[PDB]
């Protein structure tokens, strides 16, 4: 749908909160911490300090506040008090906060302790795949073009794009239309218009594209057990570009992108 300025104002708030959860949690992502504790830290911050709520907690049956996906876990990794992070791990923490009725959805990769060459590369390339997509967002561009660009970039770096999961519209709803595929598909025919709000969250595997759902029904792993990485931002299409609503202090892309 198309958001009104009033709606967007609220999404800036929700987006900022979600981004601040990732900024706040970064220092905590080190060797020895459990994903369960990280989840608790995020939730306590969201509820007690931001006076907001995790959109993930309870969503479609999800049992935790954030999704934490380590190494080969592609997405929806369930925080676990017994799962400890260690040197070299690449970890995605996907956050979604609701505030004043609107959602802010974002994720980033954290590398624990000493990064491995491939781990740093996969994360960097993945973030750049998101950045290149964000730099294309403007009225008139077709979402299919963005998916094509992401895939082309990722595969040229020897990595694969997960097909199953995609970006999504967002607002009062967590996952609204349209679907934002991260690969070229004729199924995609959406011309961007001002006011549209959605996410871009490419999941990239170091190995093959195939994935598999684990026994908990949420955790997804690469079929070949290769490393996987993902970054995500929620944006609003502006009259001549876009505004990243979940920009962080560490992001290396501007919040307001304009074309012409």
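Residue numbers count along the first chain shown, from 1.
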Mean C-alpha B-factor higher for 115 to 123, or for 182 to 190? 182 to 190
Tell me which of 251 to 259 and 2 to 10 has the higher mean C-alpha B-factor in the deposited entry. 2 to 10
Per the PDB entry, maximal CA B factor within 76, 168, 135, 108: 135
Whose C-alpha has the highest temperature factor in the PDB entry: 72, 94, 164, 128? 164
Relative to the other modelled residues of the same chain, rank the CA B-factor of residue 53 and answer lowest, middle or highest third. middle
Comparing residue 228 with the other modelled residues of its chain, is its CA B-factor in the lowest, middle or highest third? lowest
Thinking about Cα B factors across the chain, which third does residue 88 belong to? lowest
Sort the modelled residues of this chain by their C-alpha B factor and say whether residue 32 lands in the lowest, middle or highest third. middle
What third of its chain's C-alpha B-factors does residue 157 belong to: lowest, middle or highest? lowest
